[PDB]
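Here's the structure, in structure tokens; my notes come after.
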Amino acid sequence: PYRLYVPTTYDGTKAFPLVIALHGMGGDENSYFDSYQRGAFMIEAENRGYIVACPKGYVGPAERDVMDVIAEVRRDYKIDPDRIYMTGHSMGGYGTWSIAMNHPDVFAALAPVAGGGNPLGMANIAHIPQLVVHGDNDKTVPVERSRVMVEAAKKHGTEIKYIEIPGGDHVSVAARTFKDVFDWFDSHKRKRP
Amino acid sequence: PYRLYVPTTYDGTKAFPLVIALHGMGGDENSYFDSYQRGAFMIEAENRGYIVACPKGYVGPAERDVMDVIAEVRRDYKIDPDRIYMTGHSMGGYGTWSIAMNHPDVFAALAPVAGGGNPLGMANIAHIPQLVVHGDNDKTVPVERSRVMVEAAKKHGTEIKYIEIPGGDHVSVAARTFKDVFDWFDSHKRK
């Protein structure tokens with residue numbers, strides 16, 4: 001199961017960009033609607049014209065679930081193949097990186113928030129521009145989990161912007177940076193070098 | 001991969017109890033050894049006589065991994081099959097419940113800390129005595145995620161103890177309740 005946001009401006013005549021938003025460990029397919037400053041994420045999607053899909057939560061069958069949600073949405077809606085994005089918080093930040101590493105050719109840009117992953121996989125996704133957000137006082141996922149990924153990214157010439165928030169904790173950083181995430185997706189389309 | 005603690009009282013003549021301890025999202029097989037009040041878990045294990053295995057991180061073949069850790073340890077060490085326990089924090093709290101639901105006849109008792117899961121799965125494990133710990137000011141995993149599991153456990157006649165820590169946050173509650181987790185395991189064996 002997943003939740004879908006469709007902007008008022010979508011009429012099926014023009015391809016739209018798609019954002020896949022992955023919830024945290026406590027959350028579900030409603031989290032980006034109902035929480036994160038009471039659905040702030042969908043204000044950005046409506047303002048800027050993104051279809052958003054929020055899968056229920058990211059390795060193995062969970063990953064395949066996400067890709068299956070993408071494929072169904074791309075069947076049902078006119079989606080621009082060069083404008084498919086992924087962001088997520090906490091467990092979803094881990095998922096953003098791990099899914100993209102397994103499916104490096106799909107996503108135009110990524111924004112993991114308060115996540116982490118396998119720094120040795122960053123070469124796989126060096127062609128994908130990434131916005132990384134982490135708080136430096138996060139007690140759930142140490143800030144070093146994002147720092148090591150950003151460091152590795154740079155060793156392969158990735159286009160990367162890292163917002164490390166002084167005093168940021170695990171949860172505060174997510175809704176705070178929704179604007180930065182959509183700004184990043186607005187300014188990047190998929191590279192197929 | 002996993003990392004093992006073996007008490008200095010283990011001489012291979014006597015079966016020992018085994019605890020599987022599952023880390024959180026950021027962690028690895030070293031977490032319970034180096035973190036959580038600098039390895040306080042292993043001081044308990046030394047004092048009380050438990051072998052402890054800490055898998056490296058829990059769905060799918062990330063799950064089969066735990067039976068495999070238990071199996072490898074049982075190859076190498078004399079483990080009492082009626083005294084195999086599991087605990088874990090945060091992502092590991094989720095794992096404690098999801099792994100036991102998939103292997104309901106293995107564990108003598110469980111202790112998920114700051115976790116959650118699928119309350120419908122609680123029927124599967126109602127025969128397993130469970131200690132649940134959660135802080136009521138947890139901002140990563142709402143305290144409601146434990147409360148719903150405890151409610152579900154009671155539907156199915158589970159032996160369950162719930163420690164809700166007033167003012168508790170996502171992290172503090174783990175090391176603060178290691179004594180409780182070991183007391184729960186000390187007092188329950190697989191029937």
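By order in the structure tokens, chains are A, B, ...; within a chain, residues start at 1; ligands start at 1, following the order shown.
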Would you mind writing down, as a PyMOL selection string, each residue of range 7-77 of chain A that DSSP on the backbone assigns to helix (DSSP H, G or I)? chain A and resi 31-34+36-48+61-76
Write to file, as a CSV table (one decimal), in the first residue's frame, the residues of the selection just made, with N, CA, C and O atoms.
```
chain,number,residue,atom,x,y,z
A,31,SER,N,2.7,9.1,6.9
A,31,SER,CA,3.5,10.0,7.7
A,31,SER,C,3.8,11.4,7.0
A,31,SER,O,3.8,12.3,7.7
A,32,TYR,N,4.1,11.4,5.7
A,32,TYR,CA,4.4,12.7,5.1
A,32,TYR,C,3.1,13.5,4.9
A,32,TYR,O,3.2,14.7,4.7
A,33,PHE,N,1.9,12.9,4.9
A,33,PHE,CA,0.7,13.7,4.9
A,33,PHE,C,0.3,14.2,6.2
A,33,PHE,O,-0.3,15.3,6.3
A,34,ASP,N,0.5,13.5,7.3
A,34,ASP,CA,-0.2,13.7,8.6
A,34,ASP,C,0.7,14.3,9.6
A,34,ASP,O,0.4,15.1,10.5
A,36,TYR,N,5.2,15.5,10.0
A,36,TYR,CA,6.2,16.4,9.5
A,36,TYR,C,5.6,17.8,9.3
A,36,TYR,O,5.4,18.3,8.1
A,37,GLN,N,5.4,18.5,10.4
A,37,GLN,CA,4.7,19.8,10.3
A,37,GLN,C,3.4,19.7,9.6
A,37,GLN,O,3.1,20.5,8.6
A,38,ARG,N,2.6,18.7,9.9
A,38,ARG,CA,1.2,18.6,9.5
A,38,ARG,C,1.0,18.6,8.0
A,38,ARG,O,0.2,19.4,7.4
A,39,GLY,N,1.8,17.8,7.3
A,39,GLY,CA,1.7,17.7,5.8
A,39,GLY,C,2.3,18.8,5.0
A,39,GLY,O,2.0,19.0,3.9
A,40,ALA,N,3.3,19.5,5.6
A,40,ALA,CA,4.1,20.6,4.9
A,40,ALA,C,4.6,20.1,3.6
A,40,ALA,O,4.9,20.9,2.7
A,41,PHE,N,5.0,18.8,3.6
A,41,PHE,CA,5.6,18.3,2.3
A,41,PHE,C,4.7,18.5,1.1
A,41,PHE,O,5.2,18.8,0.0
A,42,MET,N,3.4,18.3,1.3
A,42,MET,CA,2.5,18.3,0.2
A,42,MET,C,2.1,19.7,-0.2
A,42,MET,O,1.7,19.9,-1.4
A,43,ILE,N,2.3,20.7,0.6
A,43,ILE,CA,2.3,22.1,0.2
A,43,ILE,C,3.3,22.4,-0.8
A,43,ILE,O,3.0,23.0,-1.9
A,44,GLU,N,4.6,21.9,-0.6
A,44,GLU,CA,5.6,22.1,-1.6
A,44,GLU,C,5.2,21.4,-2.9
A,44,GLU,O,5.4,22.0,-4.0
A,45,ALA,N,4.8,20.2,-2.8
A,45,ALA,CA,4.4,19.4,-4.0
A,45,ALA,C,3.3,20.1,-4.8
A,45,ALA,O,3.4,20.1,-6.0
A,46,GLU,N,2.3,20.6,-4.2
A,46,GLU,CA,1.2,21.4,-4.8
A,46,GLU,C,1.8,22.6,-5.4
A,46,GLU,O,1.5,22.9,-6.6
A,47,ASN,N,2.6,23.4,-4.7
A,47,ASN,CA,3.1,24.7,-5.2
A,47,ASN,C,3.9,24.5,-6.4
A,47,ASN,O,3.9,25.3,-7.3
A,48,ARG,N,4.7,23.4,-6.4
A,48,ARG,CA,5.8,23.3,-7.4
A,48,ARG,C,5.4,22.2,-8.5
A,48,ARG,O,6.0,22.1,-9.5
A,61,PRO,N,12.7,-7.5,-0.1
A,61,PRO,CA,11.3,-7.3,-0.5
A,61,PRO,C,10.8,-5.9,-0.3
A,61,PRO,O,10.0,-5.4,-1.2
A,62,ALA,N,11.1,-5.2,0.8
A,62,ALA,CA,10.8,-3.8,0.9
A,62,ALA,C,11.3,-2.9,-0.2
A,62,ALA,O,10.6,-1.9,-0.5
A,63,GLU,N,12.5,-3.1,-0.7
A,63,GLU,CA,13.0,-2.4,-1.8
A,63,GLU,C,12.2,-2.6,-3.1
A,63,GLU,O,11.8,-1.7,-3.8
A,64,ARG,N,11.9,-3.9,-3.3
A,64,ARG,CA,11.1,-4.3,-4.5
A,64,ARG,C,9.7,-3.7,-4.4
A,64,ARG,O,9.2,-3.2,-5.4
A,65,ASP,N,9.2,-3.6,-3.2
A,65,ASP,CA,7.9,-2.9,-3.0
A,65,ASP,C,8.0,-1.4,-3.5
A,65,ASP,O,7.2,-1.0,-4.2
A,66,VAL,N,9.1,-0.7,-3.1
A,66,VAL,CA,9.3,0.6,-3.6
A,66,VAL,C,9.3,0.7,-5.1
A,66,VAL,O,8.7,1.6,-5.7
A,67,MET,N,10.1,-0.2,-5.7
A,67,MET,CA,10.2,-0.1,-7.2
A,67,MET,C,8.9,-0.4,-7.8
A,67,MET,O,8.6,0.1,-8.9
A,68,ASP,N,8.1,-1.3,-7.2
A,68,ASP,CA,6.8,-1.7,-7.8
A,68,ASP,C,5.8,-0.5,-7.7
A,68,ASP,O,5.0,-0.3,-8.6
A,69,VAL,N,5.9,0.3,-6.6
A,69,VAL,CA,5.1,1.5,-6.5
A,69,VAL,C,5.5,2.5,-7.6
A,69,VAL,O,4.6,3.0,-8.2
A,70,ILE,N,6.8,2.6,-7.8
A,70,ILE,CA,7.2,3.5,-8.9
A,70,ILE,C,6.6,3.1,-10.2
A,70,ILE,O,6.1,3.9,-11.0
A,71,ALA,N,6.7,1.8,-10.5
A,71,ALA,CA,6.2,1.3,-11.8
A,71,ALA,C,4.7,1.4,-11.9
A,71,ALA,O,4.3,1.9,-13.0
A,72,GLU,N,4.0,1.2,-10.9
A,72,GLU,CA,2.5,1.4,-10.9
A,72,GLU,C,2.2,2.9,-11.2
A,72,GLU,O,1.3,3.2,-12.0
A,73,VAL,N,2.8,3.8,-10.5
A,73,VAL,CA,2.6,5.2,-10.7
A,73,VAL,C,2.9,5.6,-12.1
A,73,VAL,O,2.2,6.4,-12.7
A,74,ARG,N,4.0,5.1,-12.7
A,74,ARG,CA,4.4,5.4,-14.0
A,74,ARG,C,3.4,4.9,-15.1
A,74,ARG,O,3.2,5.5,-16.1
A,75,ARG,N,2.8,3.8,-14.8
A,75,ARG,CA,1.6,3.2,-15.6
A,75,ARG,C,0.4,4.1,-15.5
A,75,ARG,O,-0.2,4.5,-16.6
A,76,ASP,N,0.1,4.6,-14.3
A,76,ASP,CA,-1.2,5.3,-14.1
A,76,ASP,C,-1.2,6.7,-14.4
A,76,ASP,O,-2.2,7.3,-14.7
```
Distance query range 138-149 of chain B at most 7 Å, only C-alpha atoms, self and fewer than 5 positions along chain excluded, as number ranges by chain: A: 26, 171; B: 114-116, 119, 168-170
Using only C-alpha atoms, determine which residues lie at most 12 Å from residue 193 in chain A, disregarding the query and same-chain residues fewer than 5 positions distant; provide the list as a PyMOL selection string. chain A and resi 104-105+125-128
Keeping only C-alpha atoms, write the selected residues as a CSV table (one decimal), in the first residue's frame.
```
chain,number,residue,atom,x,y,z
A,104,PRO,CA,21.3,3.6,-10.2
A,105,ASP,CA,19.7,4.5,-13.6
A,125,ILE,CA,25.5,6.8,-7.9
A,126,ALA,CA,28.2,9.5,-8.5
A,127,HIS,CA,26.2,10.7,-11.5
A,128,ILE,CA,23.1,11.4,-9.3
```
Using only C-alpha atoms, I'd like a table of the residues in chain A that come within 9 Å of chain B; for each, show the closest atom pair and its distance in Å rounded to one decimal, ordered by chain and ascending number, as a tab-separated table.
```
residue	atom	partner	partner_atom	distance
A:24	CA	B:140	CA	8.2
A:25	CA	B:141	CA	7.0
A:26	CA	B:141	CA	4.9
A:27	CA	B:141	CA	8.3
A:58	CA	B:59	CA	8.7
A:59	CA	B:59	CA	7.6
A:60	CA	B:60	CA	6.6
A:61	CA	B:60	CA	7.0
A:62	CA	B:59	CA	8.1
A:90	CA	B:25	CA	8.5
A:91	CA	B:25	CA	7.3
A:94	CA	B:25	CA	8.7
A:115	CA	B:26	CA	8.3
A:116	CA	B:26	CA	7.4
A:117	CA	B:26	CA	8.8
A:139	CA	B:171	CA	7.1
A:140	CA	B:171	CA	7.1
A:141	CA	B:26	CA	5.0
A:142	CA	B:26	CA	6.7
A:145	CA	B:26	CA	7.2
A:170	CA	B:140	CA	7.2
A:171	CA	B:140	CA	6.9
```
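Note that the spacing between CA of residue 89 in chain A and CA of residue 99 in chain B amounts to 24.1 Å.
Nearest to residue 23 in chain A of all the residues A:5, A:136, A:95, A:189 is A:95, counting only C-alpha atoms.
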To one decimal place, how far is CA of residue 83 in chain A from CA of residue 12 in chain A in Å? 16.0 Å
